[PDB]
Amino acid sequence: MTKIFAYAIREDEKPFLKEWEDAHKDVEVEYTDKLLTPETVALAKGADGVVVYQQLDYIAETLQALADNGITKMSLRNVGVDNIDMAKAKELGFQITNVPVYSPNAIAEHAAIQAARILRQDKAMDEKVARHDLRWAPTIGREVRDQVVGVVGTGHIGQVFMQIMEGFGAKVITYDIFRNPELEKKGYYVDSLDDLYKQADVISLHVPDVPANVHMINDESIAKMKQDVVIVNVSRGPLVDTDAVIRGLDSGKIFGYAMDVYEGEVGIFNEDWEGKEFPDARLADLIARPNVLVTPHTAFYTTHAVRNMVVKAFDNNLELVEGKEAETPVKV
């Protein structure tokens, strides 16, 4: 019937799902809150395609129970095409889409806000106020505009962050391996990551989790940095050696750290550990420091992003199902 079955649908997604349905009243759309598992495939039996979103791997077993239920078209509401048993997929002739770009501003705004907060010592101030210590001193702020902001990576997110930081009046330098000519005209780029580290008050990372960048922030890069540097990371956990940032924080060289991602987040992030034994003492410690901001991989999480995740996933699924060129197919 042109029946799209969706898994893992969240409450906050429903509004964009309804919307999608109202623009495609001829399409039958069903969904569950459950994740896609070899036992949950049977739920999409009848559907022409499934829209999915979950870190729970896409196990061959799973893909297989899907095809055995007649489904071979899959639309990711996210970017990641990682937990997908790819050899299996190609085997069953799986057609797969994802959502590569939903809202770059979501992540860039989060980085921007978290940096500014750390500069302002807003967390120390919030903590004082919550205990009813309303004295100013000694929690004096640092203006964003008084900073040199170093952006590592000038892709979709990095450029929006630069945009935002320039709006504040900060002096913005950048570093990327491939210089976008427009930015190159402008003069943003510096020649070496080292030039960035020596002059930036604020460093933000907008670079992929590639092996050459793993732990690029470490004891050696931190030792190059300016006194009172602020580091922001909303890209990928493994970019940063947490123990070296903790060292930097402890020696007083690192002014503060904002992280939305963490090298040990898998299995920790996106779980309620209230009233339970927190699994990672190091993360627990970071969460409590006055000059560190931990968010559980939430930089993407905005009404705008979520809107685009839903709608675009359903646009791609319908396109797969209607034998149309998919907008954002995954190279299988």
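The first residue of the shown sequence is 1; numbering continues from there.
Higher mean CA temperature factor between 80-88 and 244-252: 80-88, per the PDB entry. Of the two stretches examined, 212-220 and 94-102, the record assigns the greater average C-alpha temperature factor to 94-102.
Out of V294, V266, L66, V306, the entry records its largest CA B-factor for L66. Out of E182, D126, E143, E109, the entry records its largest CA B-factor for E182.
Ranked by C-alpha B-factor against the other modelled residues of its chain, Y301 falls in the lowest third. When all modelled residues of the chain are sorted by CA temperature factor, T72 is found within the highest third. Ranked within its chain, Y257 lands in the lowest third, by CA B factor from the PDB record. Ranked within its chain, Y175 lands in the middle third, by CA B factor from the PDB record.
Looking at the C-alpha B-factors along this chain, the one for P138 belongs to the lowest third.
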